[PDB]
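Please read the structure below before turning to the comments.
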Amino acid sequence: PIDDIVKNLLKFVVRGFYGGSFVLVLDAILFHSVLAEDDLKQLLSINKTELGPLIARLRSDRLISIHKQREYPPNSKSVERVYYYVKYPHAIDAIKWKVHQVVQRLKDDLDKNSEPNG
DNA sequence: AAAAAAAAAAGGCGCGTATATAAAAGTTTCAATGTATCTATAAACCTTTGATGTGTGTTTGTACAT
């Protein structure tokens, strides 16, 4: 549905004005909403400084609200995983405002213009 | 008293002191990367100990032979 477009649109921006690797964490956790954190790390098989700053954007854009996918461990102890429960509405909401802001960095800039007065 | 082996002793071989020329080969040293190994630490359990509704309990009022 538009939900695919929502994910589609997320890919575009995360690849339009973002680097290529930005969408890799998109698709990986887009495969399954409630995903174990290591699975993406395991399949990518990459370092934690090749994953940390990418995780930053996912929550810096709030696109991947990594839900604490708590599981029932067999040892009777703590169990959880960073399952990116995407907050589709809220993610774009800032984005639209984010977009607006750069336009303000042009809508204001229209007065910084052609013919010399100063 | 006589024979044999090592030291006393010096002068010099021959390139370290620069020393710059340049190519030719190679080393080591430095730093980013990767990994098992300490640790605390706060988050797992287990036990403890102070606060706690209440099952059982003292007065009220009872059908019920006695």
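In the entry's author numbering, each number is its position in the first sequence, counted from 1, plus 3.
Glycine included, C-beta positions come from ideal geometry on N, C-alpha and C.
Name the two residues that bound the continuous beta strand (DSSP E) containing residue i.
| i | result |
| --- | --- |
| residue 71 | 69-71 |
What is the DSSP secondary structure of residue i, counted as helix, strand or coil?
| i | result |
| --- | --- |
| residue 82 | coil |
| residue 88 | coil |
| residue 111 | coil |
| residue 63 | helix |
| residue 13 | helix |
| residue 76 | coil |
| residue 3 | Given a span of 4 to 121 for the chain in the structure shown, any question on residue 3 remains unanswerable. |
| residue 34 | coil |
| residue 23 | coil |
| residue 56 | helix |
What is the residue span of the alpha helix (DSSP H) that residue i lies within?
| i | result |
| --- | --- |
| residue 40 | 40-47 |
So residue i and residue j are supposed to be a Cβ contact under 8 angstroms. How far apart are they, rounded?
| i | j | result |
| --- | --- | --- |
| residue 65 | residue 74 | About 24 angstroms separates the two Cβ atoms, so there is no contact after all. |
| residue 32 | residue 87 | 4 angstroms |
| residue 89 | residue 24 | About 18 angstroms separates the two Cβ atoms, so there is no contact after all. |
| residue 91 | residue 17 | 14 angstroms between Cβ atoms; not a contact. |
Taking just the CA atoms, how far does residue j sit from residue i?
| i | j | result |
| --- | --- | --- |
| residue 29 | residue 107 | 29 angstroms |
| residue 39 | residue 72 | 7 angstroms |
| residue 115 | residue 7 | 40 angstroms |
| residue 78 | residue 62 | 31 angstroms |
So does the region 18-32 actually touch the region 52-72, counting three or more Cβ pairs closer than 8 angstroms?
yes
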